[PDB]
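# Structural overview for review
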Amino acid sequence: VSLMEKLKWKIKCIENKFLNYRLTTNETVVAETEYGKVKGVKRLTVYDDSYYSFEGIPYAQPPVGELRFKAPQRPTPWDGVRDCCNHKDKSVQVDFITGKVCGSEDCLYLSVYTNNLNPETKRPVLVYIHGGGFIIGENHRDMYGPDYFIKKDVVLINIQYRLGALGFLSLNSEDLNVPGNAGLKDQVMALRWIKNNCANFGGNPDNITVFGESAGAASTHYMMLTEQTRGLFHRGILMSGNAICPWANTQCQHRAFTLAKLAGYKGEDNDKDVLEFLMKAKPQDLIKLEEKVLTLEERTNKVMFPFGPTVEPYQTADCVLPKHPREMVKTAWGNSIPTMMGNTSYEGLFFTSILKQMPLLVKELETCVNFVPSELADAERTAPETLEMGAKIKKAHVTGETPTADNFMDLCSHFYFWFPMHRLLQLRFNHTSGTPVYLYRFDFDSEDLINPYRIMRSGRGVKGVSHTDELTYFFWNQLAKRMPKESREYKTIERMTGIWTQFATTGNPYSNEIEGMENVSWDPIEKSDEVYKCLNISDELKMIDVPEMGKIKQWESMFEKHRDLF
């Protein structure tokens, strides 16, 4: 990330600290939790609203020392008042602006926000799980401010969970009790705390909506799949992702050794000796070295991250993923709660930044073999069958004689997001009670209001609606400003936060109290449907046939002779 954006960020960081101070009040409040009393503070927003803020609430034991890499444990109770007027630190991770490691191993906290601590009826409880490829992210308000949401009468909760190797290291040896998915198990324990405590903040524990974006969407889906959380919440919103996306799980049991070796480990490849090195190593050193773990073979086959959600190699008491995600959909309790899913209109436009450092990647579309789903392609991607599947991908996205950068980002829309959505819907239909799933497509493009991911994807002065562009209309961030109430940006904030709160309350996302939804008839998808219908959210709200459908079906055709793998 460029020096200019570095300094620009530094200045906004300084600005945001002073704004946070100014927007704080002297009105402190004490709430009960099952672990003891917590002191919150009231804060202001730039739209002159106010909300009660409880930050730094622990839902787990700090996972340091002997707890590193292991499943979370319930926290120790206290008798007194815990100060929850300030944010805790984020999971150890690489800062995408600076490039330096930041955060702490003491990161297992959640935040609770609400405009009214003593409501006259118990309110819908919304739980946000942040994305960031399972390697970055936070529940800090300089990125995920509840300011827009607290206009509505809900209780909003933003959690943290362990990222990267510290969250998702996985070892085969059953004796060492590091099966993997510690970060997902963090998420589970946070949910159990929310189930059992949200009533003290005016939340209705029988009406809980979990939602997330990207890795947060995959997480939300994982929380809908595991037996660990059965009945814990009642609605889910999968924003631009799910658990059968190709980036959303990996078999990383060998990569522990690689990481130890990178960090100075001397000795042999056996799990015990590897684990002991990794347990004494500096958290920052391990996280700094994660970038280098993936081999060139793996990157070529589009493995995105070294460590992440995995099929655990043996079953433990706190086990979250005992089989591959596709196998888990077939027995998922989550299939039978109301669900909303959706994508932006140009998801892959995200990859522009990566495309600029690696022009050669566009030549991959010449045969498209590297984008054939892994389970179908052969090792070297050279089998005649593989070239044939590659060809169906190429016919679907390459528009001219020679492939373009837009052809590439278009393919990425489908490789990373739309095709996995299509596979999940169909698979889910075969194993569900028949609760509704609603589709949206977020199609609203603005450069007047932005979020920090635009800095990462080099999205300055770029048209079209990329992955993460929609977060801007759900959460306050330190790059935001106050928008006039007549502005198309403000209206979208209203529509977006309104639909989500509407879905959270009733399990049905439609309301005629939302501006623009007058002639909207938003039906759930049926298994009988050959064509998906979605609400397309632009300046106007319009029900349309999913535009990506024809390409979606092309991808499906690659499974013609392998319908069992679909």
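All residue numbers given refer to positions from 1 along each chain's written sequence rather than to the entry's numbering, and residues for which no coordinates exist are omitted. Just so you know, side-chain values use all the structure's heavy atoms and leave hydrogens and water out.

## A word on the packing of helix 12 (residues 384–397) against helix 16 (residues 549–557)
To be explicit about the condition: What counts as an axis is a line fitted to C-alpha atoms, over the stretch in contact for a helix, and the angles between N-to-C directions run from 0 to 180 degrees. Strands are runs of DSSP state E lasting at least 2 residues, helices are runs of H or I lasting at least 4, and numbering of each runs from the N terminus. The cut-offs work like this: below 35 degrees is roughly parallel, past 145 is roughly antiparallel, 65 to 115 is roughly perpendicular, and the gaps in between are oblique. Here a residue-residue contact requires only that any non-hydrogen atoms of the pair lie within 4.5 Å. Residue polarity follows a fixed list, in which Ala, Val, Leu, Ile, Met, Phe, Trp, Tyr, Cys and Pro are nonpolar, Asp, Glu, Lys and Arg are charged, and the others, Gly among them, are polar.
As a packed pair, helix 12 and helix 16 sit with axes 9 Å apart at the nearest point and diverge in direction by 170°. When the interaxial angle is binned, helix 12 and helix 16 end up roughly antiparallel. For the pair helix 12 and helix 16, the contacting residues are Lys 392, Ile 393, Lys 395, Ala 396 and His 397 in the first and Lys 551, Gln 554, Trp 555 and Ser 557 in the second. Here the contact of helix 12 with helix 16 is built from residues that sort into three nonpolar, three polar and three charged.

## Section: the environment of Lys 261
What counts, and what does not: Categorising residues by exposure relies on relative accessible area from a 1.4 Å probe, with only protein chains included: less than 20% of the type maximum marks a residue as buried, more than 50% marks it as exposed, and the intermediate range marks it as partly exposed.
Structurally, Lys 261 is set in helix 6 (residues 255–262). Note on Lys 261: relative accessible area 38%, which makes it partly exposed. Taking C-alpha positions, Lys 261 is 37 Å from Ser 111, a pair spaced 150 residues apart along the chain.

## What to know about unusual backbone geometry
Located in the positive-phi region is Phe 69, a residue other than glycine, with phi close to 80°. Mapped onto the elements, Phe 69 comes out in the loop between strand 3 (50–58) and strand 4 (81–83). The residue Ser 240 is not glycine, and still its phi comes out positive at about 55°. Within the secondary structure, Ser 240 sits in the loop between strand 11 (235–239) and helix 6. What makes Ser 240 buried here is its relative accessible area of 1%.

## Observations concerning the pattern of salt bridges
We apply this condition: By convention in these notes, a salt bridge is any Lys or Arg side-chain nitrogen within 4 Å of a carboxyl oxygen on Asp or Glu.
Across all of its chains, the model carries 33 salt bridges by this definition. A salt bridge links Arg 230 to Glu 227; the shortest N-O distance between them is 3.0 Å. Relative accessible area serves as the criterion here: at 51%, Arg 230 is assigned to the exposed category. Residue class for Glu 227 comes out partly exposed when judged on its relative accessible area of 48%. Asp 410 serves as the salt-bridge partner of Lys 551, at 2.7 Å between the closest nitrogen and oxygen. With a gap of 141 residues between them, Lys 551 in helix 16 and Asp 410 in helix 13 (residues 405–429) connect regions that are remote in the sequence. Accessibility expressed as a relative area gives 30% for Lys 551, which makes it partly exposed. For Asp 410, a relative accessible area of 16% puts it in the buried group. It is possible to trace a salt-bridge network through shared partners that takes in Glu 447, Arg 454, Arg 457, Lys 463 and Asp 469.

## Examining the nonpolar core
In summary, soluble globular proteins display a tendency toward joint burial of nonpolar side chains. What counts here: Throughout, nonpolar core names a set of buried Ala, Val, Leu, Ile, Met, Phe, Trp, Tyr and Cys residues whose side chains join them through atoms within 4.5 Å.
Grouped together as the largest cluster of nonpolar side chains are 129 residues, with contacts concentrated most on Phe 54, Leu 110, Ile 194, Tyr 222, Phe 233 and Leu 278. With 14 residues, the single largest contributor to this core is helix 13. Once residues lying within four places of it in the same chain are set aside, the contact partners of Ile 194 are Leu 110, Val 125, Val 127, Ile 157, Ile 159 and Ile 208. Counting residues in each nonpolar core, the second largest holds 50 residues, with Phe 149, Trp 476, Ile 514 and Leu 541 among its members.

## Let's talk about a negative patch on the surface
Stated formally: The patch calculation keeps residues exceeding 30% relative accessible area without a salt bridge and links them within 9 Å when they carry like charges or within 5 Å when they are nonpolar (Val, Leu, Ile, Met, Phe, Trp, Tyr). Computed by Shrake-Rupley with a 1.4 Å probe, the accessible areas treat only the displayed protein chains as cover when residues are assessed. Residues scored as positive are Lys and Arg, those scored as negative are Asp and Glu, and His as well as the terminal groups of each chain are ignored. Charged groups are reduced to one reference atom each: NZ for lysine, CZ for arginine, CG for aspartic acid, CD for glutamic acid.
A contiguous patch of negative charge on the surface is contributed by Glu 268, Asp 269, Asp 273 and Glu 276. Tracing the backbone through its elements, the reader meets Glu 268 in the loop between helix 6 and helix 7 (271–280). By relative accessible area, which is 61% here, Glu 268 ends up exposed.

## A few points about the pairing of strand 3
Quick note on the threshold: Only strands that DSSP links by at least two bridges are regarded as paired with each other.
Buried residues dominate strand 3, accounting for eight of its nine residues. Where strand 2 (residues 37–44) and strand 3 come together, four bridges link them in antiparallel fashion. The residue bridging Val 41 from the neighbouring strand is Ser 53, located in strand 3. Two elements, strand 3 and strand 7 (residues 109–114), share five bridges in a ladder whose sense is antiparallel. Opposite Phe 54, over in strand 7, you have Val 112 as the bridge partner.

## Some remarks on the UniProt feature "domain: Carboxylesterase type B" (unreviewed entry) in the protein chain
Put simply, the rule is: UniProt positions are given in the numbering used here, feature names are shortened, and annotations may be inferred rather than shown by experiment.
UniProt tags residues 30–543 as "domain: Carboxylesterase type B" (unreviewed entry). In the segment residues 30–543, helix accounts for 27% and strand for 16%; the C-alpha atoms at its two ends are 45 Å apart.

## Considering the packing of aromatic side chains
For clarity, the cut-off: Classification of ring pairs uses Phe, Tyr and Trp, with its six-membered ring standing for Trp, and accepts pairs whose centres are within 6.5 Å; under 30 degrees between planes counts as stacked, over 60 as edge-to-face, and the remaining range as tilted. Counting as a charge over the ring demands two things of the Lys NZ or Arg CZ atom: a distance within 6 Å of the ring centre and an angle within 35 degrees of the ring normal.
Counted according to the given criterion, the structure contains 34 aromatic pairs. Centre to centre, the rings of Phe 54 and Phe 201 are 5.0 Å apart; their planes meet at 85°, and the pair counts as edge-to-face. Of the two residues, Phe 54 sits in strand 3 while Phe 201 sits in the loop between helix 4 (182–197) and strand 10 (203–213), which places them 147 residues apart along the sequence. For the pair shown, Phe 54 and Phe 201 are each scored as buried. Taken together through their ring pairs, the aromatic side chains of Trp 247, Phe 350, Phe 351, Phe 371, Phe 408, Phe 415, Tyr 416, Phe 417, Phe 419, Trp 555, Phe 559 and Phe 566 make up a single cluster. Here the basic side chain of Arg 82 rests over the ring of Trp 78, its NZ or CZ set 5.2 Å away from the ring centre.

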